[PDB]
Amino acid sequence: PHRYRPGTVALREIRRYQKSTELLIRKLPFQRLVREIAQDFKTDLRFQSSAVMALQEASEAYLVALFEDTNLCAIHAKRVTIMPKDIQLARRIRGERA
Amino acid sequence: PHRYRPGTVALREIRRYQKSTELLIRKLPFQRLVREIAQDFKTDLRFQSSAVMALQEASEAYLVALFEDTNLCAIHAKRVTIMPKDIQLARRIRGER
Amino acid sequence: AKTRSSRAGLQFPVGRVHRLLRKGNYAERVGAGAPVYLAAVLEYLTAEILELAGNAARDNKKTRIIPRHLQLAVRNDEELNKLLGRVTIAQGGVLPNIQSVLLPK
Amino acid sequence: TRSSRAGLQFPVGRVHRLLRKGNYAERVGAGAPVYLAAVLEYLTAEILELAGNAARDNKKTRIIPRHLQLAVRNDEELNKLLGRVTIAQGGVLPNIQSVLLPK
Amino acid sequence: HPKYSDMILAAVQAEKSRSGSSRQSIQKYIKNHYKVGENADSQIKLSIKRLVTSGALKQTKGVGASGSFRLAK
Amino acid sequence: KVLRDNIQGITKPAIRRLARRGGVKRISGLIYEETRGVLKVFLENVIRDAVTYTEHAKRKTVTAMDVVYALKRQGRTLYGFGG
Amino acid sequence: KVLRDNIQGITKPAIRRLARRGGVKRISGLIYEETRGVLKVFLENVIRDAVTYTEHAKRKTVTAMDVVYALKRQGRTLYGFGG
Amino acid sequence: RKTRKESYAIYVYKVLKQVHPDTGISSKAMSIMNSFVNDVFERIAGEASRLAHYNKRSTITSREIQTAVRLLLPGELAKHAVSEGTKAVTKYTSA
Amino acid sequence: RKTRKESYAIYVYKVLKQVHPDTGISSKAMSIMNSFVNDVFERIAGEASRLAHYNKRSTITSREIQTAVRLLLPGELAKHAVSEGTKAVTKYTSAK
DNA sequence: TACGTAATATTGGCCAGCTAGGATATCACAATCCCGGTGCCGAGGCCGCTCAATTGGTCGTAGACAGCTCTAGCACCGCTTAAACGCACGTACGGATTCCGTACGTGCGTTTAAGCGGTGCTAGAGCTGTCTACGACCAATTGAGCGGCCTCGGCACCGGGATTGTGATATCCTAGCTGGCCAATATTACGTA
DNA sequence: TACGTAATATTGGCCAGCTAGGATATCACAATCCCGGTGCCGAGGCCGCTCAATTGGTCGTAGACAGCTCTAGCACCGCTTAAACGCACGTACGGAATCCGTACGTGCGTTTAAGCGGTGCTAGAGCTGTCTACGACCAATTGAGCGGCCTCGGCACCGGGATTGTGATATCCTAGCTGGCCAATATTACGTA
Numbered sequence: 038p039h040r041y042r043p044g045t046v047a048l049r050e051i052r053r054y055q056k057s058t059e060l061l062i063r064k065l066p067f068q069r070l071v072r073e074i075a076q077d078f079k080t081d082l083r084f085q086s087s088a089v090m091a092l093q094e095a096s097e098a099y100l101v102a103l104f105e106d107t108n109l110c111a112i113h114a115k116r117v118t119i120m121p122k123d124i125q126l127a128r129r130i131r132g133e134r135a
Numbered sequence: 038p039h040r041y042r043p044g045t046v047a048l049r050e051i052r053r054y055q056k057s058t059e060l061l062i063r064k065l066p067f068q069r070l071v072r073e074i075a076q077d078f079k080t081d082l083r084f085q086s087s088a089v090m091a092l093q094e095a096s097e098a099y100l101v102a103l104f105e106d107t108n109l110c111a112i113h114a115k116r117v118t119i120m121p122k123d124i125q126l127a128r129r130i131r132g133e134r
Numbered sequence: 014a015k016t017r018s019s020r021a022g023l024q025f026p027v028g029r030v031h032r033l034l035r036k037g038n039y040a041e042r043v044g045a046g047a048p049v050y051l052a053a054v055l056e057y058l059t060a061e062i063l064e065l066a067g068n069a070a071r072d073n074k075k076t077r078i079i080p081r082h083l084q085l086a087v088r089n090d091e092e093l094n095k096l097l098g099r100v101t102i103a104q105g106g107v108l109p110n111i112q113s114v115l116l117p118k
Numbered sequence: 016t017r018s019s020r021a022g023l024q025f026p027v028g029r030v031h032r033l034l035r036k037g038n039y040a041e042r043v044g045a046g047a048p049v050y051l052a053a054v055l056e057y058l059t060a061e062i063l064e065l066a067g068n069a070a071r072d073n074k075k076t077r078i079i080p081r082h083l084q085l086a087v088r089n090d091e092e093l094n095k096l097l098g099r100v101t102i103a104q105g106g107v108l109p110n111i112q113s114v115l116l117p118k
Numbered sequence: 025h026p027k028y029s030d031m032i033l034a035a036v037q038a039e040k041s042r043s044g045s046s047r048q049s050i051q052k053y054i055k056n057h058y059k060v061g062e063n064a065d066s067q068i069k070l071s072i073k074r075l076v077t078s079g080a081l082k083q084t085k086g087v088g089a090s091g092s093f094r095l096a097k
Numbered sequence: 020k021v022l023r024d025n026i027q028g029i030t031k032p033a034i035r036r037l038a039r040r041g042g043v044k045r046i047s048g049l050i051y052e053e054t055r056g057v058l059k060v061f062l063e064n065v066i067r068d069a070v071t072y073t074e075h076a077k078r079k080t081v082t083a084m085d086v087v088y089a090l091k092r093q094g095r096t097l098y099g100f101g102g
Numbered sequence: 020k021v022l023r024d025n026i027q028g029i030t031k032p033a034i035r036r037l038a039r040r041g042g043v044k045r046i047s048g049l050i051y052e053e054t055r056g057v058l059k060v061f062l063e064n065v066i067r068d069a070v071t072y073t074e075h076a077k078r079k080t081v082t083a084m085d086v087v088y089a090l091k092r093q094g095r096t097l098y099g100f101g102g
Numbered sequence: 027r028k029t030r031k032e033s034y035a036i037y038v039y040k041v042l043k044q045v046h047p048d049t050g051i052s053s054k055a056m057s058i059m060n061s062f063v064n065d066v067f068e069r070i071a072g073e074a075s076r077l078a079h080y081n082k083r084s085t086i087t088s089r090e091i092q093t094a095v096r097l098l099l100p101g102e103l104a105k106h107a108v109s110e111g112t113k114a115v116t117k118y119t120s121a
Numbered sequence: 027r028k029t030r031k032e033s034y035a036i037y038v039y040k041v042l043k044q045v046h047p048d049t050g051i052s053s054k055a056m057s058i059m060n061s062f063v064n065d066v067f068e069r070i071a072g073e074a075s076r077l078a079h080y081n082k083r084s085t086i087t088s089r090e091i092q093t094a095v096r097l098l099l100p101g102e103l104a105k106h107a108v109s110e111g112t113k114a115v116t117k118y119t120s121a122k
């Protein structure tokens, strides 16, 4: 066969996705999630396509940056693997969590 | 004669300083640091005394809350001791840098 | 009823609030209801905080709200804590909170 | 026009209009739109400068948003001005943490 | 169950490893091959410390009870 | 009726791609659901404000401007959509 | 002339008391100089803005209001000194 | 004879006497209260100003304050402030 | 029919030509520049608004824009900005 | 009959080569790369209309400036004492090391719904044009809110006596090791055939 | 002379006792705490003057409300992939476990300067009045900036070769173990004293 050591394709994918700018969540699942969340606020609502695009650009930027901070917390704990506690510490410090 | 184990007076001091609200930096050292930093921005400046109290209230509040985040970073690294690297992680995440 | 506070059933000054809204470059024109609503919201939040800080004061055996009572109040209420989340209350201290791993076993 | 008299490419007329229609103060002085339009033009040129540079480094003739992002996030001071801003379609800077590299 | 001294000697003979058995290797053999108490780990640690000083176990890795050892022969 | 079962449309490989762009090499198994909850709260906070804006404009269609205004409200300003 | 040698008036026991109110049990030896640098950066950023305001008011005395306005500028609003 | 410095002190003492008729308040506490009231005043007024501008309106009406309160306050605090505001407007309008 | 939306697109182009005559710009990138100018406009204008109110003045003059620029912009970016600002104001009043 | 000398068999000790564990250099395969061709749509330019900028003119008022007041920011000194400093000492913490199990990544093939281009159907966004309810702007009217003044009850501060938590020391229990005693096996000697 | 049996001695195993270590419980010591006493002064009330809010009238335009236009949001549809998914396999990473050295906590004696409160000095904050330069506002005017239209070169997409990096194998290097070789000791038999 052939097998790369664990972590090699992870690094290839880091280099790859830090090189590009296209969105990483599939557009229709995200759109349906947006409509679902919005219904619980006001029923019978329409969305401009650009409004969903704005929500997705913003959400993904938020998640990428949050994963940066999470990564720094993990490294702080001498670890290479991100864990929910790294996210929770990140958000705690960001002032989102209490 | 008598000796408390390491961490016992530390924990006693945490409870003590979390009970009070008084400033913890001595007022005159702080004032002299404020006048020096301001001097390096513009010479011959007077300060209302309340302007120095305001800078000290804010400054100490900033450091207290920063030591809180620093403490969590230390605990996150299975440590009990805060280190410069915990402050730097805190400030990075806060977006101060 | 001569005052606009009276006409509204408020303790907060609708007139002064209308003045500040005009002398504040918020919009060309300020409607007649705006100061009333705003003075009333201001009153509601005021009472909300005084409630909790008179309570703190009493827990502490005191007749007078000092700023620590306002801080205890704000930081123990989730929603006040959030409204004032980027705010610093002179002379108010912190909440007693020691981390578990720091406790002797 | 007030732009020529000031030597700007940016519209002093439009900026004076917006400052009045914007409820910033009762009255707007005659120098205010000129100064502001000039600051706006200056920052514009700073970002276009650095992002045309990015474009050229990337072998392009045309600025796309990634070039603006490269521009802003490689410049300390622009990075700081836009520190709570998100540049649609601009991506991130290539940065892998050291300990993740194979030894 | 035999003495901890006998259980350690049994764990080393029963593991034909190239480097005898470490404290962890011996420690898990005893837990699965004998009705041993809750204080197995301290009693193993104490027994290795005494068997090295006697020269019953001689060391192949580490320094002290934390390492890998073999029987003398 | 109660709405549910759409958040799982934010899949594991998608969260993985996001983590990669964030520079993450190794990802715990519990991260994926955690990232689903975080992303829900974020969208909630933003869409709520966006809808408050649509309501006030007496519209039935949420505009990109409503979203931009809400992001801005939340300290997450976004360029390129009508800023 | 150059001004120096004042930051050390923020002493080791003072930084320790602040750490205690922050819930810190154990403090590395290198934290003290690090906290001095942090506080200077903080005081620099705020006093710079305070003075900018003072300058604009054509005054020679920095007012509590100048500081309050500056704290607010940095997203560090302060209650109890005006405003 | 020192310059008139306006304050929300008198109202704050009123509310406090309704809600705790035997409780006092110190100087600093009242300064904080006064900064709270100014702060929230500015935040709501600001958001209303933005709402008007966003909708090309020249006027800040109680409807703008109301939406400002909904964007600005958290959940329950908003709910209560909205009903206590609408109540005041309704009165005011009839009397 | 047709509906009119104003943007700084033409002026961004004009300035792009000064700094990089042989390079162009996408629509998306153009929308970012537009966002950027509006945002920075709002930010300086807002600060200038507050400065006026703090000092009990009815007028926003260049001096408020100038201070606004110094509270807002970081160091080197402010220095240059104050220059171009003062410069253009001078050139303007000496062309009355 | 016993001891000594010489010879043969079994056991004891140390050393060498071979095997296992390691690192460096070289070889092969795969992935990110790059280059010249090809079509496709939006950058960018001109075009002509129109609405927002400009110019030229009036009126009133914001604030630049000058003059005067008196607040409070500053300096400086001596005295008390609590806090800061620095040094001695040792506990418990951080970090270095080993080590074991599975939770991860990698790479197959099978399963799926995202994506696209398609036509069709209309809610509702968004622009105009009417007009009136609402808010700006105003003078004249006046009573809520301000500072000035005053005083006493709340609380900061202190000294005396109390409750809870933590640490240290002592006692008790359990395990381990050593010594003694008993039992079994082997060897030798004596007696009988 | 040989064989068998009995007795004695030695060695090994098991049991019991004593000592040492670890864990748990109790007591003591210190810290925070809880208590009225006591004295200083700022919260809070009374007053009376003033300036900002109220009152009633004009007058103009924002926006609500209606009527029409058509943009973009939306719905079901059916192929063509590439992305999602589920699984096999195994390694490197996380975490648990232990071990050692010293950094950081605690306490003490000595050293330093903060704070206090009391005094003496003027810069400059902040407030008044005068007068005018500057900006709001309106009516008229004009070209800068807009959308609509068009077209073409910058760049996305792709197929066919090139370079670099990662993973694996083969060559050279050290330490450890078992076996081999050499020598010693112990037992035997004969000859001599």
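Chains as they are written, first to last, in the entry's author numbering: chain A, 38 to 135; chain E, 38 to 134; chain C, 14 to 118; chain G, 16 to 118; chain Z, 25 to 97; chain B, 20 to 102; chain F, 20 to 102; chain D, 27 to 121; chain H, 27 to 122.
Here a beta-carbon is modelled for each residue, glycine too, at the ideal position from N, C-alpha and C.
Where residue i sits in the DSSP three-state scheme
| i | result |
| --- | --- |
| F25/G | coil |
| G50/H | strand |
| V87/Z | coil |
| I86/H | strand |
| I111/C | coil |
| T118/A | strand |
| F78/A | coil |
8 Å contact criterion, which residue i and residue j should meet: CB distance rounded
| i | j | result |
| --- | --- | --- |
| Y57/G | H106/H | 6 Å |
| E110/H | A53/G | 5 Å |
| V66/D | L55/C | 7 Å |
| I54/Z | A64/Z | 6 Å |
Residue i, buried or exposed, once every other Cβ within 10 Å from all chains shown has been counted against 16
| i | result |
| --- | --- |
| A135/A | exposed |
| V114/C | exposed |
| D81/A | exposed |
| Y41/E | exposed |
| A14/C | exposed |
| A83/B | buried |
| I51/E | buried |
| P26/C | buried |
| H113/E | buried |
Query raised in the report: Should the stretch 54 to 69 of chain A be called in touch with the stretch 33 to 44 of chain B, which here means at least 3 C-beta pairs below 8 Å?
Result: In this structure the stretch 54 to 69 of chain A lies against the stretch 33 to 44 of chain B, because at least three pairs of beta carbons, one per stretch, are closer than 8 Å.
Query raised in the report: Can you give, in chain order, each stretch of the alpha helix (DSSP H) that sits fully within the stretch 21 to 48 of chain F and has at least 4 residues?
Result: Within the stretch 21 to 48 of chain F, the runs of alpha helix (DSSP H) that reach at least 4 residues and sit entirely inside it are, in chain order, 31 to 40.
Query raised in the report: Counting pairs of Cβ atoms below 8 Å between the stretch 96 to 115 of chain G and the stretch 47 to 67 of chain H, do you hit three or more?
Result: At 8 Å Cβ cutoff, the stretches touch.
Query raised in the report: Are the stretch 65 to 75 of chain E and the stretch 51 to 68 of chain F touching by the rule of at least three beta carbon pairs closer than 8 Å?
Result: Three or more beta-carbon pairs separated by less than 8 Å link the stretch 65 to 75 of chain E to the stretch 51 to 68 of chain F, which places the two stretches in contact.
Query raised in the report: Counting Cβ pairs, one atom from each stretch, are 3 or more of them under 8 Å apart for the stretch 43 to 51 of chain B and the stretch 117 to 135 of chain A?
Result: With the cut-off at 8 Å, the stretch 43 to 51 of chain B and the stretch 117 to 135 of chain A touch.
Requested in this report: Indicate whether the contact test is met: 3 or more Cβ pairs, each with one atom in the stretch 73 to 90 of chain D and one in the stretch 35 to 47 of chain C, closer than 8 Å.
Outcome: Three or more Cβ pairs closer than 8 Å define a contact, and the stretch 73 to 90 of chain D meets that threshold against the stretch 35 to 47 of chain C.
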